[PDB]
Amino acid sequence: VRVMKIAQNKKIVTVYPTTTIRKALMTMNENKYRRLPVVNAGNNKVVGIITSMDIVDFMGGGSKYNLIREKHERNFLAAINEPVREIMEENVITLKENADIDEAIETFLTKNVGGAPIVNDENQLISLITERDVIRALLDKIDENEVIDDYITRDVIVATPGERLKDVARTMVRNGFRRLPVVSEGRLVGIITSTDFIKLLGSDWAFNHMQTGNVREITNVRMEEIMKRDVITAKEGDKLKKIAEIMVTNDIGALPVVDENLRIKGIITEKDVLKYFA
Ligand SMILES: Nc1ncnc2c1ncn2[C@@H]1O[C@H](COP(=O)(O)OP(=O)(O)O)[C@@H](O)[C@H]1O
Ligand SMILES: Nc1ncnc2c1ncn2[C@@H]1O[C@H](COP(=O)(O)OP(=O)(O)O)[C@@H](O)[C@H]1O
Ligand SMILES: Nc1ncnc2c1ncn2[C@@H]1O[C@H](COP(=O)(O)OP(=O)(O)O)[C@@H](O)[C@H]1O
Ligand SMILES: Nc1ncnc2c1ncn2[C@@H]1O[C@H](COP(=O)(O)O)[C@@H](O)[C@H]1O
Ligand SMILES: Nc1ncnc2c1ncn2[C@@H]1O[C@H](COP(=O)(O)O)[C@@H](O)[C@H]1O
């Protein structure tokens, strides 16, 4: 069952190694695509990939932050004029154009990636497949009585309403999690994702600070200011197919699992759903 058969027939939105970080961000925010292959202009060969998590790293979450703090002496606006090649991931995990669905699933499940460029024998970009694409294709094949319980991640990494963005960013990047439930006194009170951090950057409130920057008030912002308070949740006993359908029809990748009292029992994501087909 060739992945190309599911592969989104659209044109893949890409950037080049010399595209600035700023332009890559605009590309992300505009096209709503939070995963961008980096290709030569060129021969269309995949030479890198950049996602919102790399941007969260750059902003403070990880080692890429030292482009701002050291080279550009804390100037975020200057730093974003650097070519995306400075912060992209190289050594991309890709699939061959003759790869089947089984391979894609094993790749997603064992290599901690949610999306992979599909390339030909010259490493030229052909398409791209993500976990959502696969779940969407296989949704009707999930038994309707199957429950979510065995698929839930029980030990949840979490943010709080009072945490500063700079510290939540660390939590996201160190743990490799795009989405953190926000918890206060054991109760779910919101959700925050790497996407929220990009959206903050493209705000009026943000560009205002950057000019007088003082870029620092961006990363000092607390979760309560920017989190989504009303969260789509799952609960023990829910059908896997219902949950999978909610994700795929809403472009959401993660639901916090809660009590009727909103205590957190776990989290379930698209990768977990795909463990049904492992
Ligand atoms: N760069 C891109 N160009 C075109 N389509 C994309 C691109 N990135 C993701 N998609 C598609 O848009 C949807 C969003 O991807 P998921 O949300 O699946 O990946 P991501 O969180 O990295 O953006 C997916 O269904 C995927 O098929
Ligand atoms: N196909 C891939 N090959 C190599 N690295 C990738 C790939 N996809 C994403 N990444 C990297 O994994 C890190 C986490 O990204 P996200 O958190 O955006 O990835 P994912 O949604 O696939 O779990 C980022 O540094 C990103 O560049
Ligand atoms: N915040 C979290 N705390 C603990 N585990 C998580 C968290 N987010 C995701 N996971 C788990 O890690 C594995 C891979 O998660 P993934 O699909 O990359 O999540 P995300 O979309 O947040 O990056 C899954 O088993 C998922 O349940
Ligand atoms: N892409 C990068 N990611 C993280 N840190 C960087 C990056 N580029 C430069 N730096 C750091 O910023 C400073 C600039 O050094 P240099 O670019 O060699 O003049 C050094 O402290 C580097 O460690
Ligand atoms: N389970 C959820 N319930 C409500 N909003 C969510 C949920 N998951 C993600 N979001 C929001 O959806 C938007 C895109 O998130 P993302 O899953 O990172 O692409 C962000 O503003 C998230 O805060």
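Method-wise, the PDB entry is recorded as coming from X-ray crystallography, at a reported resolution of 2.10 Å.

Chemist: For this particular structure, what's the right way to read the packing of helix α1 (residues 21–31) against helix α2 (residues 52–61)?
Modeler: The description of two helices packed together rests on the angle between their axes and the distance between the axes. Two elements in contact, α1 and α2, have axes whose closest approach is 11 Å; the angle formed by their N-to-C orientations is 135°. One way to sum up the angle between α1 and α2 is to call them oblique. In this structure, α1 crosses over α2, and the sense of that crossing is left-handed. From α1, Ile 21, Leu 25 and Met 28 reach across to α2, where they touch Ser 52, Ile 55 and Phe 58. Split into classes, the residues belonging to the contact of α1 with α2 amount to five nonpolar, one polar and no charged.

Chemist: What exactly am I supposed to notice about the pairing of strand β4 (residues 115–119) here?
Modeler: Walk down a regular strand and you will see the side chains alternate between the two sheet faces. Within β4, five of the five residues are buried, leaving the element largely enclosed by the surrounding structure. What you see with β4 is no split at all: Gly 115, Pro 117 and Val 119 on one side and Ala 116 and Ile 118 on the other are buried throughout. By the bridge criterion, two bridges tie strand β3 (residues 95–96) to β4 in an arrangement that is parallel. Within β4, the position partnered with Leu 95 by the bridge is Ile 118.

Chemist: When you look at the packing of helix α5 (residues 101–110) against helix α6 (residues 131–138) in this model, what are you seeing that I'm missing?
Modeler: In contact at an axis separation of 11 Å, α5 and α6 are set at 130° when each is read in the N-to-C sense. Here α6 runs oblique to α5, going by the angle between their axes. Regarding α5 and α6, the two cross each other, and that crossing is left-handed. Facing α5, whose interface residues are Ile 101, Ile 105 and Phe 108, α6 presents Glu 131, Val 134 and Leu 138. Of the residues that constitute the contact of α5 with α6, the class distribution is five nonpolar, no polar and one charged.

Chemist: What is the right way to look at the side chain of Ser 52 in this model?
Modeler: Here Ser 52 shows up in helix α2. For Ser 52, a relative accessible area of 1% gives the class buried.

Chemist: Honestly, the site of ligand 4 in this entry has me stumped. Any pointers?
Modeler: Residues in contact with ligand 4, as listed here, are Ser 63, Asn 66, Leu 67, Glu 70, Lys 71 and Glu 86. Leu 67 has a polar backbone atom sitting 3.4 Å from a nitrogen atom of ligand 4. Within the complex, the protein chains bury 51% of what would otherwise be the 490 Å² of accessible surface of ligand 4. Tallied by class, the residues present in the shell around ligand 4 amount to one nonpolar, two polar and three charged.

Chemist: I keep staring at the UniProt feature "domain: CBS" in the protein chain and nothing clicks. Help me out?
Modeler: Within this structure's numbering, the places UniProt gives as "domain: CBS" are residues 8–65, 88–144, 152–207 and 227–278. Regarding residues 8–65, the helix share stands at 36% and the strand share at 19%, and the terminal C-alpha atoms are separated by 33 Å. For residues 152–207, the helix share is 41%, the strand share is 23%, and the end-to-end C-alpha distance is 39 Å.

Chemist: Just checking my understanding: could you explain the nonpolar core for this structure?
Modeler: For soluble globular proteins, the rule of thumb is that nonpolar side chains tend to be buried together. Of all hydrophobic cores here, the largest spans 44 residues; its most connected members are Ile 55, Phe 58, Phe 76, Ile 192 and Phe 197. Shared between two domains, this core holds at least three residues of each, these being domain 1 (1–142) and domain 2 (143–278). For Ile 192, the residues in contact, after removing those within four places along its chain, are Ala 159, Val 168, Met 172, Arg 178, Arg 179, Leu 180, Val 182, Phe 197, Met 223, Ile 226 and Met 227. Of all hydrophobic cores here, the second largest spans 32 residues; its members include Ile 101, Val 134, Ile 142 and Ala 234.

Criteria and cut-off values
Residues numbered from 1 in each chain as written, not as in the entry; some residues may be left out. Chains lettered and ligands numbered in written order. Heavy atoms only, no water. Axes fitted to C-alpha atoms, helices over the stretch in contact; angles between N-to-C directions. Helix = DSSP H or I, 4+ residues; strand = E, 2+ residues; numbered from the N terminus. Parallel < 35°, antiparallel > 145°, perpendicular 65-115°, else oblique. Left-handed = near helix turned anticlockwise from the far one by under 90°. Contact = heavy atoms within 4.5 Å. Nonpolar A, V, L, I, M, F, W, Y, C, P; charged D, E, K, R; others polar. Buried < 20%, exposed > 50% of the residue type's maximum accessible area, 1.4 Å probe, protein only. Pairing = 2+ DSSP bridges. Near = heavy atom within 4 Å. Polar contact = N/O pair within 3.5 Å; in protein donor to acceptor, adjacent residues only side chain to side chain. Areas by Shrake-Rupley, 256 points an atom, 1.4 Å probe, with all protein chains shown as cover. UniProt positions renumbered as here; feature names shortened; annotations may be inferred. Core = buried A, V, L, I, M, F, W, Y, C linked by side-chain atoms within 4.5 Å. Domains from an automatic or database assignment.

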